[PDB]
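S.K.: So I've got this experimental structure, pasted below with the sequence.
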Amino acid sequence: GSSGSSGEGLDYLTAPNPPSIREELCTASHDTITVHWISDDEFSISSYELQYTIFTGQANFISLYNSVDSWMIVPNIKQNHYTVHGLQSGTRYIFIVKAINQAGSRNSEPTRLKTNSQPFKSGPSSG
């Protein structure tokens, strides 16, 4: 990913810039996942919002995504990585970081993430 030298900056603030959910930085644990979101301008953002939901294969992505109200939300996020607790081993989980500022909010693209088989074994395990 050769880095470049260019600056534009969306003169518009009506809406908070969309965050970049890094999959290389994000981690997956037995029943815990740590999603990492990188942003260039988060000064306006008064607070971040995390939205995660279990993915199995609903009739249609639209149907589910439709009743977002159901989706889980965890406000009070003032970091660049929030560890979600209360998941299931070996299960799909879609995360969506929505930046919120004085203007409005910006929903980022859905980032699919899976957890690890099982947690660390205590006892029967050699390497």
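M.R.: Here it is on my side, so go on. Numbering: from 1, shown residues only.

S.K.: which other residues reach stretch 45-59?
M.R.: Residues outside stretch 45-59 that contact it (C-beta atoms under 8 Å, 6 or more residues apart in numbering): 16, 19, 33, 35, 37, 39, 42, 64, 68, 70-79, 82, 84, 88, 91-102, 105, 107, 112. Heads up, the C-betas are built off the backbone N, CA and C, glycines and all.

S.K.: Contacts only, for residue 14.
M.R.: By C-beta under 8 Å, 6+ apart, the contact list for residue 14 reads 103, 104.

S.K.: for it, helix, strand, or coil?
M.R.: Classification of residue 14 using DSSP: H, G, I helix; E, B strand; the rest coil returns coil.

S.K.: Report the secondary structure state of residue 69.
M.R.: Using three-state DSSP, the three-state assignment for residue 69 comes out as helix.

S.K.: And it, how close does it get to residue 117?
M.R.: 32 Å (C-beta to C-beta, to the nearest Å).

S.K.: can you check residue 103 too?
M.R.: 43 Å.

S.K.: cool, residue 13 as well?
M.R.: For residue 13, the distance to residue 117 - C-beta to C-beta - is 44 Å.

S.K.: go on, residue 44?
M.R.: Counting by C-beta to C-beta - residue 44 and residue 117 are separated by 41 Å.
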